[PDB]
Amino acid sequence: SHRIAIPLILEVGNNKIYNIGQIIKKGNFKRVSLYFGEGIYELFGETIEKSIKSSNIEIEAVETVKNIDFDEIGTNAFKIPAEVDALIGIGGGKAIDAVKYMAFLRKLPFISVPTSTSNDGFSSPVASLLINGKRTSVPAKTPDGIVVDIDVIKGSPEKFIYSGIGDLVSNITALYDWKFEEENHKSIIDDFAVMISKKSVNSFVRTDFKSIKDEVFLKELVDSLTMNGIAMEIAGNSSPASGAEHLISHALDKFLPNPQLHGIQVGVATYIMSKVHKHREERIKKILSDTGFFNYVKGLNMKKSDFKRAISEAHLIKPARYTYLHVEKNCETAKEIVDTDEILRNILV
């Protein structure tokens, strides 16, 4: 008994920041507040303000987002003046998630304007926040508008792109777990959500590329991450884009003091789960190699022992689900993979 809110505004391409005003006019907002990640205003602020003001939209306030702490977010949410019609979030994944959550708490339209794509948070119904010092995924609301400027994304640090590659590829293992879950009568698949998620991913995986900062490559990456969010909205849950691989990453977040980027953790987890599933192994290996994902991850010195533990505790994150990692045998296989596999032996310490 669930309701679907497909975003009204979807713009991925060139020259978007400059035209943000005309882009969001479709929402009929009279009065907005802009929330910028640190340093972001210095880069794009004036242009964004000019653009919005010239589209005859008033700006109540311009603020900076400094953290993803649940308490500070709730405080700030209720500080938002009652005459505000809409929230605009401009920045990285953390900034987006914070503003998204405020809009959720105040039941306000939210426009997502990410300056990087480290994951699909910028398009989805879930927010990643700090809850009692621990990074945690919590229900929020899907953005009403998503505006991604590929020029801006071109300029982002490569860590965020690798992170995005990791969160995208996870759709392959997530869908497999979802099907396994259904076969075990522990859920029901949403066919359309599967179809779009699958199409987004397969489009990306097939795209030729010279480098990861390639415009065509980035446009495909962003389109798919956007799609993933909408697929979640359509399904009414995270399954289209979140399976065991995600549960592994969430488990890591609960005991590591300094977890790596969500996308990075999810990517490694996806590789692992592919070998456990014995499904789409070559595709996943190829994309994560060819893009330099594995290369990059080696430099981070993630521990085998931390993954082994996350694998064991993955099921605790969503105990009513039934992924491969809700089965003890599959956990042991997963752990044996982490100890044996050649790529892992290389990129993990």
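Note that residue numbering begins at 1 and tracks the sequence as displayed.
Taking the mean C-alpha B-factor of each stretch as recorded, 203-211 and 273-281 are not equal, and the higher mean is that of 203-211. Among the modelled residues of the chain, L325 sits in the lowest third by CA temperature factor in this PDB entry.
In this PDB entry, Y41 carries a Cα temperature factor that places it within the lowest third of its chain's modelled residues. Ranked by Cα temperature factor within the chain, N67 sits in the highest third according to the deposited record. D151 sits in the highest third of its chain by CA B factor, as recorded in the PDB entry. Ranked within its chain, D253 lands in the middle third, by CA B factor from the PDB record.
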